[PDB]
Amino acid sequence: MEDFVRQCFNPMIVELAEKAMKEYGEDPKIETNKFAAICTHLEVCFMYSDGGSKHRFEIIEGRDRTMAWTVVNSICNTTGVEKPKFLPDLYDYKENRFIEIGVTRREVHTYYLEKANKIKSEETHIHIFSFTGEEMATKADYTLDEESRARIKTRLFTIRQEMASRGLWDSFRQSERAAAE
């Protein structure tokens, strides 16, 4: 699984996933499923940011925490939007909202509701993808065009297959419930 991740995702994403795990004192060598999930989520976040017109999205995720807060602060003080209680993943300049991107090996609506109650925010848009082609977004407002969302769905289903063909998918799918509980 470790070797799969390092050859499945680009080095910059891997690099960012390792740092993110190290900042919490976890070992990517041991917790390989979380390592995969982190890289996947990052990859989705960057695909998403790319889905829009050139300067539409501020990227919050993938940054060191402190600088991430500084940027959020800057957007809040300059747009009027309320300060979220937790770090979101992006800010949409077109729609004037933050976005939380979720990626789940379980049901989109279950994950959506976990996100929505943790944040307790009526401003932050939530957008969940699954490894089975579905998506759920706040108010059924998907933000991007179908083309950009479709590319992401395809990439996720390709990760699932490459996992399965290596015997890694079961453990990866099962793992999320364990993480939750």
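Counting begins at 1, following the sequence as shown.
- Look up the CA B-factors in the entry and say which stretch, 77-85 or 90-98, has the higher mean. It is 77-85 that shows the higher mean C-alpha B-factor.
- Query: Per the entry, where is the mean C-alpha temperature factor higher: 30-38 or 116-124?
  - Reply: Taking the mean C-alpha B-factor of 30-38 and of 116-124, the larger value falls to 116-124.
- Task: Could you tell me which third, lowest, middle or highest, the C-alpha B-factor of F9 occupies within its chain?
- Result: Answer is middle: the recorded C-alpha B-factor places it there.
- Item | For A164, the third of its chain into which the C-alpha B factor falls | As the PDB entry reports it, the C-alpha B-factor of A164 lands in the middle third of its chain.
- Query: Relative to the other modelled residues in the chain, which third contains the C-alpha temperature factor of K54: lowest, middle or highest?
  - Reply: As the PDB entry reports it, the C-alpha B-factor of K54 lands in the highest third of its chain.
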